[PDB]
Amino acid sequence: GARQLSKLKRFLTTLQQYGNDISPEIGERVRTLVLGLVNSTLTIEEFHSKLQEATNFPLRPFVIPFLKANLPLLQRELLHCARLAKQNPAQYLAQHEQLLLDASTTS
């Protein structure tokens, strides 16, 4: 299931350079929506529409079915995790994708 994860990381690097390519807080704004989405704190339809609100860009429509396909992908692996903890996969992916996101690791 780690494959999707490595591809979604490519994906965040894309949004952020894309908003940044324009100029203002707009890469931060688009990043705020991607965080809202992946943290399970925004609705799918809302994530998409706000993102375009900010970017005023006509955009590739693959993004909705993208994350929609990221459910059937990672869910068997992540749901097994969820099962044990006795929590919904939504909040599990929430707490997991954010700790693998953080930069507190000195290494």
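All Cβ positions, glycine included, derive from the backbone under ideal geometry; neighbour counts span all protein chains shown. Values in this text are rule-based calculations from the coordinates and carry no lab data.
For residues in segment 31-51 being over 11 Å from the mean Cα position of the chain (by Cα) and in a helix (DSSP H, G or I), which is surrounded by the fewest Cβ atoms within 10 Å (Cβ to Cβ)?
Step one: of segment 31-51, the residues over 11 Å from the mean Cα position of the chain (by Cα) are 43, 45-46, 48-51.
From the residues that got through so far, the ones that are in a helix (DSSP H, G or I) too are 45-46, 48-51.
Details: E45: 9, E46: 12, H48: 18, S49: 12, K50: 17, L51: 24.
The qualifying residue surrounded by the fewest Cβ atoms within 10 Å (Cβ to Cβ) is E45.
Could you figure out which of (1) in a helix (DSSP H, G or I); (2) buried (at least 16 other Cβ atoms within 10 Å of the Cβ) isn't true of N20?
Of (1) in a helix (DSSP H, G or I); (2) buried (at least 16 other Cβ atoms within 10 Å of the Cβ), only one is false for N20: (2).
Could you please find all residues in segment 76-101 being assigned to a loop (DSSP other than H, G, I, E, B), free of Cβ contacts under 8 Å to residues at least 40 places away in the same chain and within 18 Å of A2 (Cβ to Cβ)? Before the answer, list the steps.
Initially, segment 76-101 is screened for residues assigned to a loop (DSSP other than H, G, I, E, B), giving 86-88, 100-101.
Then keep just the ones that are free of Cβ contacts under 8 Å to residues at least 40 places away in the same chain; that gives 86-88, 101.
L101 - this is the single residue of segment 76-101 that is assigned to a loop (DSSP other than H, G, I, E, B), free of Cβ contacts under 8 Å to residues at least 40 places away in the same chain and within 18 Å of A2 (Cβ to Cβ).
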